[PDB]
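Student: What follows is a structure written as structure tokens; I'll ask about it next.
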Amino acid sequence: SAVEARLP
Amino acid sequence: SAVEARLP
Amino acid sequence: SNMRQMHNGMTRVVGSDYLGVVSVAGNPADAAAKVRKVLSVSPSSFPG
Amino acid sequence: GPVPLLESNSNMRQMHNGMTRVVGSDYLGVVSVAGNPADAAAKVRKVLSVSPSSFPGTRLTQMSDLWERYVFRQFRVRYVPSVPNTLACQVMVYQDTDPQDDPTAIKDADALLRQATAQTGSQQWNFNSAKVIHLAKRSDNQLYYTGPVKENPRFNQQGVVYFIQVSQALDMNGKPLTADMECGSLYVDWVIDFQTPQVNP
Amino acid sequence: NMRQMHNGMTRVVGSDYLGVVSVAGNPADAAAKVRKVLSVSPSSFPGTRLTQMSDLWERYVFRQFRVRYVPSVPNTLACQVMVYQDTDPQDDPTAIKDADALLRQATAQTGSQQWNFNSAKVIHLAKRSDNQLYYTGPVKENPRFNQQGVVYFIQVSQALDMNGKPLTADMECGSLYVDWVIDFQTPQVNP
Amino acid sequence: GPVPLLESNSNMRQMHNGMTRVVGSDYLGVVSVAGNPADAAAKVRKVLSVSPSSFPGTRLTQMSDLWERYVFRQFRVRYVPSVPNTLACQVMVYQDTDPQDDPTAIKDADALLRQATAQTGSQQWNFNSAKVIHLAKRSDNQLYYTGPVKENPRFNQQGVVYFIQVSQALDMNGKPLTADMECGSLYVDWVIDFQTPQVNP
Amino acid sequence: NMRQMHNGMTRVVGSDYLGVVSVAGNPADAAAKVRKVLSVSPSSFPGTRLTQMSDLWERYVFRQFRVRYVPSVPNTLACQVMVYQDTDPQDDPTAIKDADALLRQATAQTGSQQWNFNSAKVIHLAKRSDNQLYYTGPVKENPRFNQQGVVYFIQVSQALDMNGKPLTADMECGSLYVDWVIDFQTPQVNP
Amino acid sequence: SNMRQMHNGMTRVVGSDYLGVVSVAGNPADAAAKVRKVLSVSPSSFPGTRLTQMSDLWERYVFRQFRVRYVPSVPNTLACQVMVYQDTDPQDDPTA
Amino acid sequence: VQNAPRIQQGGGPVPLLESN
């Protein structure tokens, strides 16, 4: 979930 | 910028 | 071959933060309105 | 003594609390590798639950239904290649303690590979050779339920194993491989604790 | 105002009345042979001392929980019956289509017992090494956070009279009781 | 041993003698103060029984019905103000070990206030601030019955708490207050011993 | 790839349901008086926990194996019955032409027992000094490599009613159960 | 009054990560195609790593070390010859 | 100074043939 946020 | 990401 | 080496030890972190502002009201309306502020008690629930 | 005599005609079956170690190993399955991955979600190749009950026809699943709760003391995945050294491809595997993550939601391959490289115990290697892979320990030592998932996965599985393709399957002459290859096979070397005996639906 | 914290466990002992049990003379529906089902949890009964005790703490663990059967039938009547305490709330026996698999499953559980309903019996729970604590009160999501298990009363035989013949109608045949011991933690009142 | 076998099919529930400490705290109620007391009997403001059973809807009363006898090991009343410091009034509280006295019979205020000041553990203070108040011990250690009064109060209550107004409720500008004020609220911090379990009507 | 060898014995405890037992009122065929016969072996039953356990090792030995009889008949009825556990699978009682020799042979065995089928009983196996191990699974040649023995349920008396008279037809009269303890050796799966 | 107390000391962190996969091609097309992979060299530019999450907790950084280490995927029955380098001028762009 | 777990490389060469 932390990673999805940084990827548009 | 880190904070804007966690707020929808 | 490349391997991320393993750990099992727990790690402490001491610190302090800031939860937020809270209000009141002059009229005891509803009576379900007596509850006034609610916060979950977890890491990763306090943005900022 | 009095006890055999009192035993002689009263219907008292005994209670049986207590642990029980069992040791074994099992054949999980075959694994494929595509020549031209592009779906990004397709980079993941073989997900597995880390529960005794999830691998039908093996000794584990047979034994697993006969108790109630379990804890692995070691769960050691092992990989055996079935490919000529001339062929080329690169592969990694990692076990994850939390059943509810599901990497596949990510739209970009790099983030998948980086999440895989993170977390302890991860492994990457050429798909031509054997490797062995471990679980991480949990200090609390909770018991887990046996059997098929019901509502929430966290009561069951200790974790999830991911088999992830990297690069591309590749041929002699270096042309990307058409169709699919059988590559290798997965194995397990396990030790388990069971608690209270039963049979379940 | 030194309002004080407390973190100790509180031992408590008691016993309560779980109710009536009955038996049909010729079960045939296979799922009719299962006869009675009860939750193993505080705050799952009407009017008992235990449910009232239940609301006043966060968590609990039974240290023993022995069900006790008291017959209410003349010796001339007879039938065989079984009782067991599954420790997994979600297993649900009724799904089985066959009487036989039902009896086998019910027998396989530890501490399960079999007897004529002419006479008294006593039956225990299994223990657990986690020392896991359970939340008090009604299910909200998942039984598994609440109940330590479920109790099943299950018929086996028909229901012969004197001269070895089945009786026309189902009837009351004694009642259940429960001795118990519990640990509680942090005091409160459930909403 | 013999004992599980003898246990197996005899209807013997065990006897259970013995004490049981329990700890807790509860919200008793709100308290008012009139601007112009004059009835002398009106100076008394809030009587309370000191029994577990007398405060409906609290944890105490719920728990209290489940046994037979009780003894407080401490019963510590606490007071929380809800008034601006600008307002003025003066207040005292005292606990009395004997349930059958009833101060109110006296026709003169001074005697009430003096009886209140007498007896150990009494407290007087400005109604603007918090205070804490204790019981006196009794050397014999008798048990007391639970539940609602039946004939004689002395079998039940360990005592009675009196909340007594002094002076007059008073406003900014110093005019005596009209009507009534909510002032504050009463609390309890208790420890108890219970004896033999039951349920009572 | 250090695939590891293991040679230890694994203790296991359990219990299972062996099924129904019935009785004719006036046996006369002499070979009809023998009533029920069961193999003493893992992997000889349908659907029990034990048969499923059985296939996963090479060899086994019971440490105790007590058969337990639970009555399902009213006290007004009565008959005498016998049960015994022969440790030699090939002895085969049925060959005898006489009821009497049958009862005598059945009585001579250690641990054999006699009772009214009104009430419960418990019965044990004999032990052996060889500490010999037995192969798991179905007979291929000779029972003697597999079974530790055979269990026989045998009627003795007629079957009187109240007023001391025989009943017209055979009927169910309770059921069998087995508490057990086992050692296994080398893990596998039978073909 | 409440004050976050001040610090000025620098803090080291040793660790290692994973940059990514890289390819080649048989046809020297374009000749601007010779450039094949490009990576910025900063904390907070590598999603999926612990360090990029760590990086937002401070205002400033300095690498004291940054060893890239190439790992072969291919048998010796093939060849390409390749070079790698680390330009220190982020504005510079070879592609032009 | 605060260390973090490291990757630790391994493996080795593979011969065209194993004589026996």
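Here's how to read the names in the structure tokens: chain A, B, ... by the order shown, residue numbers from 1 in each chain, ligand numbers from 1 in the order shown.
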Excluding segment 136-143 of chain D and residues on its chain fewer than 2 positions from it, collect all residues at most 7 Å away from it, counting only C-alpha atoms, and give them as a list in words.
Tutor: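 Counting only the stated atoms, we get residues 8 of chain C; 69, 70, 71, 134 and 145 of chain D; 130 of chain E.
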Student: Hey, can you spit out that residue selection with N, CA and C atoms as a PDB file, in the first residue's frame?
Tutor:
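Everything below was put into selection-v4.pdb:
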ATOM      1  N   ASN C   8      15.708 -11.509  13.447  1.00  0.00           N
ATOM      2  CA  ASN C   8      14.534 -11.809  14.249  1.00  0.00           C
ATOM      3  C   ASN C   8      14.413 -10.924  15.487  1.00  0.00           C
TER       4      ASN C   8
ATOM      5  N   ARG D  69      -4.965 -27.429  15.238  1.00  0.00           N
ATOM      6  CA  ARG D  69      -4.092 -26.280  15.104  1.00  0.00           C
ATOM      7  C   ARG D  69      -2.688 -26.721  14.773  1.00  0.00           C
ATOM      8  N   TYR D  70      -1.880 -25.820  14.225  1.00  0.00           N
ATOM      9  CA  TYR D  70      -0.534 -26.201  13.837  1.00  0.00           C
ATOM     10  C   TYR D  70       0.445 -25.046  13.940  1.00  0.00           C
ATOM     11  N   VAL D  71       1.732 -25.363  14.060  1.00  0.00           N
ATOM     12  CA  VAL D  71       2.800 -24.365  13.914  1.00  0.00           C
ATOM     13  C   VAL D  71       4.022 -24.974  13.247  1.00  0.00           C
ATOM     14  N   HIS D 134      14.206 -20.207   3.269  1.00  0.00           N
ATOM     15  CA  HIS D 134      13.681 -20.318   4.635  1.00  0.00           C
ATOM     16  C   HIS D 134      12.541 -19.357   4.989  1.00  0.00           C
ATOM     17  N   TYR D 145      -5.040 -22.304  12.655  1.00  0.00           N
ATOM     18  CA  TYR D 145      -6.031 -23.311  12.309  1.00  0.00           C
ATOM     19  C   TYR D 145      -5.686 -24.089  11.056  1.00  0.00           C
TER      20      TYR D 145
ATOM     21  N   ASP E 130      -1.481 -21.656  23.613  1.00  0.00           N
ATOM     22  CA  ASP E 130      -1.285 -20.234  23.336  1.00  0.00           C
ATOM     23  C   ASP E 130      -1.473 -19.358  24.555  1.00  0.00           C
TER      24      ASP E 130
END
Student: Could you give me, as a PyMOL selection string, the residues within 9 Å of segment 110-124 of chain D, counting only C-alpha atoms and dropping anything in the same chain fewer than 2 positions from it?
Tutor: (chain A and resi 3-4+7) or (chain C and resi 1-7) or (chain D and resi 40-41+43-44+90-96+103-104+106-108+126+131-136+162+164+166) or (chain H and resi 17-21+46-50) or (chain I and resi 5+7)
Student: Kindly save the residues from that selection, with C-alpha atoms included, as a compact mmCIF listing (two decimals), in the first residue's frame.
Tutor:
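Written output follows (again.txt):
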# COMPACT_ATOMS: atom_id res chain seq x y z
CA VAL A 3 4.28 1.51 -2.78
CA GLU A 4 1.07 2.03 -4.73
CA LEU A 7 3.30 5.23 -8.35
CA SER C 1 23.05 -15.72 -6.08
CA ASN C 2 22.03 -12.91 -3.77
CA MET C 3 20.32 -13.22 -0.40
CA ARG C 4 18.80 -10.69 1.98
CA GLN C 5 20.19 -11.90 5.31
CA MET C 6 17.69 -12.68 8.05
CA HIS C 7 16.92 -11.02 11.41
CA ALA D 40 3.72 -6.74 -15.30
CA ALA D 41 1.22 -8.72 -13.25
CA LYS D 43 5.86 -11.39 -13.75
CA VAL D 44 4.47 -13.22 -10.76
CA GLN D 90 16.72 -15.38 -13.96
CA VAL D 91 14.38 -16.03 -11.06
CA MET D 92 13.61 -15.08 -7.48
CA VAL D 93 11.48 -16.38 -4.64
CA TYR D 94 10.38 -14.91 -1.33
CA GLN D 95 8.17 -15.91 1.57
CA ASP D 96 5.93 -13.34 3.21
CA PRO D 103 1.89 -7.72 -4.71
CA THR D 104 0.09 -8.09 -8.03
CA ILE D 106 1.19 -2.87 -8.53
CA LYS D 107 1.25 -1.74 -12.18
CA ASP D 108 5.05 -1.52 -12.55
CA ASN D 126 19.79 -18.41 -12.27
CA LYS D 131 18.51 -23.34 -4.21
CA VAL D 132 17.00 -23.54 -0.73
CA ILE D 133 14.81 -20.95 1.03
CA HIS D 134 13.68 -20.32 4.64
CA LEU D 135 10.87 -18.79 6.72
CA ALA D 136 11.32 -15.99 9.21
CA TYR D 162 5.90 -16.12 -4.22
CA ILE D 164 8.62 -14.51 -9.46
CA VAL D 166 12.78 -11.95 -13.79
CA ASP H 17 19.26 -2.54 -2.45
CA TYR H 18 18.45 -3.43 -6.03
CA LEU H 19 18.30 -1.11 -9.04
CA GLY H 20 16.72 -3.19 -11.81
CA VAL H 21 16.80 -5.36 -14.93
CA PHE H 46 13.73 4.19 -6.11
CA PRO H 47 10.19 3.13 -5.24
CA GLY H 48 9.87 -0.20 -3.47
CA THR H 49 12.94 0.34 -1.31
CA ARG H 50 13.08 1.02 2.43
CA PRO I 5 20.43 -6.12 6.75
CA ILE I 7 22.15 -8.90 0.61
Student: Could you give me, as a ChimeraX atom specification, the residues within 7 Å of segment 37-40 of chain E, counting only C-alpha atoms and dropping anything in the same chain fewer than 5 positions from it?
Tutor: /E:147-153
Student: Neighbouring residues of segment 59-67 of chain F were defined as those with any atom within 10 Å, considering only C-alpha atoms; residues of the same chain fewer than 3 positions away were excluded. Please report them as JSON, numbers by chain.
Tutor: {"E": [48, 49, 50, 52, 53, 55, 56, 187, 188, 189], "F": [22, 23, 24, 25, 26, 27, 51, 52, 53, 54, 55, 56, 70, 145, 146, 147, 148, 190, 192, 194, 195, 196, 197, 198, 199, 200, 201]}
Student: Write out as a PDB file with N, CA, C and O atoms, in the first residue's frame each polymer residue whose atoms come within 10 Å of residue 64 of chain G, counting only C-alpha atoms; drop sequence neighbours fewer than 4 positions from it.
Tutor:
ATOM      1  N   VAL G  13      -1.991 -40.785  19.870  1.00  0.00           N
ATOM      2  CA  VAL G  13      -3.142 -41.198  20.664  1.00  0.00           C
ATOM      3  C   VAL G  13      -4.448 -40.827  19.968  1.00  0.00           C
ATOM      4  O   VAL G  13      -4.533 -39.785  19.332  1.00  0.00           O
ATOM      5  N   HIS G 124      -8.940 -55.367  27.049  1.00  0.00           N
ATOM      6  CA  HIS G 124      -7.574 -55.104  26.578  1.00  0.00           C
ATOM      7  C   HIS G 124      -6.924 -56.170  25.694  1.00  0.00           C
ATOM      8  O   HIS G 124      -7.330 -57.327  25.707  1.00  0.00           O
ATOM      9  N   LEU G 125      -5.914 -55.765  24.922  1.00  0.00           N
ATOM     10  CA  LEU G 125      -4.966 -56.692  24.289  1.00  0.00           C
ATOM     11  C   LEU G 125      -3.859 -57.234  25.176  1.00  0.00           C
ATOM     12  O   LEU G 125      -3.462 -56.609  26.154  1.00  0.00           O
ATOM     13  N   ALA G 126      -3.356 -58.406  24.805  1.00  0.00           N
ATOM     14  CA  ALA G 126      -2.137 -58.940  25.385  1.00  0.00           C
ATOM     15  C   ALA G 126      -0.902 -58.279  24.792  1.00  0.00           C
ATOM     16  O   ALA G 126      -0.919 -57.818  23.655  1.00  0.00           O
ATOM     17  N   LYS G 127       0.172 -58.232  25.569  1.00  0.00           N
ATOM     18  CA  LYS G 127       1.447 -57.712  25.094  1.00  0.00           C
ATOM     19  C   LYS G 127       2.387 -58.818  24.638  1.00  0.00           C
ATOM     20  O   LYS G 127       2.147 -59.993  24.877  1.00  0.00           O
ATOM     21  N   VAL G 178     -13.156 -47.780  20.257  1.00  0.00           N
ATOM     22  CA  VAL G 178     -11.784 -48.166  20.562  1.00  0.00           C
ATOM     23  C   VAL G 178     -10.877 -47.006  20.920  1.00  0.00           C
ATOM     24  O   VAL G 178     -10.591 -46.163  20.084  1.00  0.00           O
ATOM     25  N   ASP G 179     -10.440 -46.953  22.170  1.00  0.00           N
ATOM     26  CA  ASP G 179      -9.313 -46.117  22.539  1.00  0.00           C
ATOM     27  C   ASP G 179      -8.021 -46.782  22.081  1.00  0.00           C
ATOM     28  O   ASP G 179      -7.912 -47.999  22.143  1.00  0.00           O
ATOM     29  N   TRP G 180      -7.027 -46.005  21.661  1.00  0.00           N
ATOM     30  CA  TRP G 180      -5.786 -46.604  21.178  1.00  0.00           C
ATOM     31  C   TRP G 180      -4.536 -45.741  21.291  1.00  0.00           C
ATOM     32  O   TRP G 180      -4.610 -44.523  21.424  1.00  0.00           O
ATOM     33  N   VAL G 181      -3.385 -46.410  21.264  1.00  0.00           N
ATOM     34  CA  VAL G 181      -2.073 -45.772  21.296  1.00  0.00           C
ATOM     35  C   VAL G 181      -1.139 -46.548  20.367  1.00  0.00           C
ATOM     36  O   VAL G 181      -1.140 -47.767  20.385  1.00  0.00           O
ATOM     37  N   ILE G 182      -0.331 -45.857  19.568  1.00  0.00           N
ATOM     38  CA  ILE G 182       0.446 -46.523  18.518  1.00  0.00           C
ATOM     39  C   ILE G 182       1.848 -45.948  18.381  1.00  0.00           C
ATOM     40  O   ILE G 182       2.064 -44.775  18.643  1.00  0.00           O
TER      41      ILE G 182
END
Student: Segment 8-175 of chain D: which residues are strand (DSSP E) by DSSP, as a VMD selection string?
Tutor: chain D and resid 21 to 34 44 to 49 69 to 81 88 to 96 123 to 126 131 to 133 144 to 145 160 to 170
Student: Skipping near chain neighbours, those fewer than 3 positions away, what residues fall within 9 Å of residue 132 of chain G using only C-alpha atoms, listed as a PyMOL selection string?
Tutor: chain G and resi 61+128-129
Student: Counting only C-alpha atoms, a student should be able to say which residues of chain C come within 12 Å of chain B; what is the right answer, written as an mmCIF file with N, CA, C and O atoms, in the first residue's frame?
Tutor:
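Below is the file that was written, part_21.cif:
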data_model
loop_
_atom_site.group_PDB
_atom_site.id
_atom_site.type_symbol
_atom_site.label_atom_id
_atom_site.label_comp_id
_atom_site.auth_asym_id
_atom_site.auth_seq_id
_atom_site.Cartn_x
_atom_site.Cartn_y
_atom_site.Cartn_z
ATOM 1 N N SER C 44 0.896 4.159 11.819
ATOM 2 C CA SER C 44 0.256 4.209 10.512
ATOM 3 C C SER C 44 -1.225 4.513 10.604
ATOM 4 O O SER C 44 -2.033 3.887 9.932
ATOM 5 N N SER C 45 -1.577 5.470 11.454
ATOM 6 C CA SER C 45 -2.923 6.031 11.457
ATOM 7 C C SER C 45 -2.886 7.529 11.747
ATOM 8 O O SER C 45 -3.921 8.159 11.925
ATOM 9 N N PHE C 46 -1.685 8.097 11.776
ATOM 10 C CA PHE C 46 -1.521 9.505 12.095
ATOM 11 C C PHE C 46 -0.696 10.212 11.040
ATOM 12 O O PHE C 46 0.497 10.418 11.224
ATOM 13 N N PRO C 47 -1.329 10.598 9.931
ATOM 14 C CA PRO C 47 -0.589 11.238 8.846
ATOM 15 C C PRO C 47 0.062 12.537 9.300
ATOM 16 O O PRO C 47 -0.490 13.250 10.129
ATOM 17 N N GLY C 48 1.238 12.820 8.757
ATOM 18 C CA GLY C 48 2.007 13.984 9.144
ATOM 19 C C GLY C 48 3.079 13.690 10.173
ATOM 20 O O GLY C 48 3.905 14.546 10.465
#
Student: Tell me which protein, DNA and RNA residues are within 9 Å of segment 26-33 of chain H, counting only C-alpha atoms, leaving out same-chain ones fewer than 3 positions away, and put them as a ChimeraX atom specification.
Tutor: /H:36,80,94-96
Student: With a distance threshold of 9 Å and counting only C-alpha atoms, extract the residues of chain I near chain H and express them as a tab-separated table (two decimals) with N, CA, C and O atoms, in the first residue's frame.
Tutor:
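In the end it all went to selection26.tsv:
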chain	number	residue	atom	x	y	z
I	1	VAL	N	25.48	5.46	14.17
I	1	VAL	CA	25.42	4.71	12.92
I	1	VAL	C	24.42	3.57	13.04
I	1	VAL	O	24.38	2.89	14.06
I	2	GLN	N	23.61	3.36	12.01
I	2	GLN	CA	22.59	2.33	12.07
I	2	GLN	C	22.62	1.41	10.86
I	2	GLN	O	22.30	1.81	9.75
I	3	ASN	N	23.04	0.17	11.09
I	3	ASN	CA	23.11	-0.83	10.04
I	3	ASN	C	21.75	-1.41	9.67
I	3	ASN	O	20.83	-1.45	10.48
I	4	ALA	N	21.65	-1.85	8.43
I	4	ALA	CA	20.45	-2.51	7.92
I	4	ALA	C	20.88	-3.83	7.32
I	4	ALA	O	22.03	-3.97	6.93
I	5	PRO	N	19.97	-4.83	7.26
I	5	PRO	CA	20.43	-6.12	6.75
I	5	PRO	C	20.93	-6.06	5.32
I	5	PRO	O	20.38	-5.32	4.51
I	6	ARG	N	21.97	-6.82	5.01
I	6	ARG	CA	22.62	-6.75	3.71
I	6	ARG	C	22.36	-7.99	2.87
I	6	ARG	O	22.03	-9.05	3.40
I	7	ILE	N	22.53	-7.86	1.56
I	7	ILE	CA	22.15	-8.90	0.61
I	7	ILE	C	23.01	-10.16	0.58
I	7	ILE	O	22.46	-11.27	0.48
